Structures are given as structure tokens and as C-alpha cells.
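Only one chain comes next, encoded as C-alpha cells, the form deposited in one PDB entry.
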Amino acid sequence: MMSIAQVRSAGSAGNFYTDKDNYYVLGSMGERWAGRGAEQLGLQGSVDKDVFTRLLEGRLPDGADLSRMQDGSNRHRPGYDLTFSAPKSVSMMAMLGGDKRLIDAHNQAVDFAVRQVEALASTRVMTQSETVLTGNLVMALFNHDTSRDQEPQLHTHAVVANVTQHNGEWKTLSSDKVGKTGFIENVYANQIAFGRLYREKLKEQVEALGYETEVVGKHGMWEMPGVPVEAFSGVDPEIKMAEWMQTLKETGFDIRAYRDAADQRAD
């Protein structure tokens, strides 16, 4: 699924997305830049925290600056956070099960969905304003491993900076409340579909690995049959991790055998 929320403020955002405690189980954040806007800025690969933070403030390495300081406060909205969450069975198998290929499958599915989101990129150019498609965004993807309930959950925070290049200049992303022609409005209207696109893309890959899937909800929500999702549904990263492993062992589920059955059943 894909959750949508506005990024709070430049600083705390920087700290949240790169906070080690959010990806302790994964061991890595696996962050990377994405979006045609990023390639145009020369931003590729790993994300430097200072550059990411300044970007959320509206300051580009390009030299362009969209910050609007009003008595110590920046009124430039940082951007949006689109979170793609993998199904519980995948998260368990990836993080507690050892199958790292599923993390990679999760990334590729997220990468795929984010491209379709980028196509909605637009800016407001009042000639009466109007929205004009831009087709480029600057994004930073960060992987986290825990849900709000402290259960295993592989999810990627797709942070979309509030900037976009139009006719050479960097402008803020479109916002149209009334006609709902703005970028964010178009994202909301397709929230389900995008989360759907990500899930479908992830499903194809997991099935190519030899894994089975089963629809457990609406809009195609699915889980890998047989995985004890139940056990994980209902302060110190190291202790939390030890607990997850402990409650899993107590489910009696033989993870490795599950993996081998997928292998001897793939190709």
C-alpha cells in the first residue's frame, strides 16, 4: 500500500529518514536518489544528509534557492512522503527469514511505482493560474523496517521534494485545491492504484522466486500462504529484534524449508 503525508520540517525530517534506529533490523537504509529531476541536478546513488536537508529547505546544489525566510521561519513547504509498505509475509521473510532478494524485489517494485508518480509532476504557472505537466521530480528513497506497533514492516519512504524544473527554472510543485489539478491532488486520487501498482510489481517478482501468494484483502492485498503473519499482528533496536526472532521461533514455522520449497519450485 502507499501512504501519503506532508513532510514536517527540513531538519527533523533529515533526522527521521536517516535515523539508524529506523533501519536497525535491515542494517541498511539503502537510500538513493531518484527522479528525472535528480539526474538533472547530478544527484545519484547514496543520499548525503546535508544535501537532502538543504533540498527540503528549497536550496538546490544547482544554486537555485526557493526558501522564503519570514522571521526565522522558512515558508517553503519541504515536500511529500509517499510510503510504500510491503505485505507482512514478505517483511518477515526478508528481515527475519534471510531471503534478501525480497528486499531487492521491494525496491524494484517501489522504483517502478515512483516512475508513474513522477509523470504527474506539475507546476502552477498563472498566465488565472493553471497546472502544466512537468514530468520530473527530485526524490530520496529510504528503507525502514518497523511499523508504528513495533512489528516487522519493510517500507520505503519516497520523499518528494517540493521542487520541479519548468522551462529551465526550478519551481514548487502544483497545488490546486478547487479543481484538484495539482500534483498532490492527482496523487491522492490515484493512491489506491499506485499502491496497487507497487503490490502487483512486487508480486510478479516474488512469484518468479518460486513463492506463492494469496489474496487476503481488497484491491489485491496479498500474503505468502503459510507464513505466521498472526504472530506479528495484534526503545532498544537490539532488544526489539531479539523479540521478533523469539516470537517467530515459537510459531514453529520452519523458514528455511519454506525457502527451499520456493527454490525447488522456481526457475
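Note that residue numbering follows the sequence shown and begins at 1. Here the rigid core means the biggest group of C-alpha atoms that line up within 1.5 Å when the two forms are laid on top of each other.
Same protein, other form: the form deposited in another entry, not shown, and the subject of what follows.
- Here the two forms are overlaid on the core, and between this form and the one not shown the C-alpha of 175 is the only one among 107, 175, 83, 190 to shift by 2 Å or more.
- The rigid-core alignment places the CA of residue 150 2 Å or more apart between this form and the one not shown.
- Annotation: Cα of residue 240 displaced by at least 2 Å between this form and the one not shown, core superposition.
- Relative to this form, residue 179 and residue 167 approach one another in that other deposited form, with their C-alpha atoms ending up at least 3 Å closer.
- Between residue 177 and residue 85, the Cα spacing is larger in that other deposited form than in the shown form, differing by no less than 3 Å.
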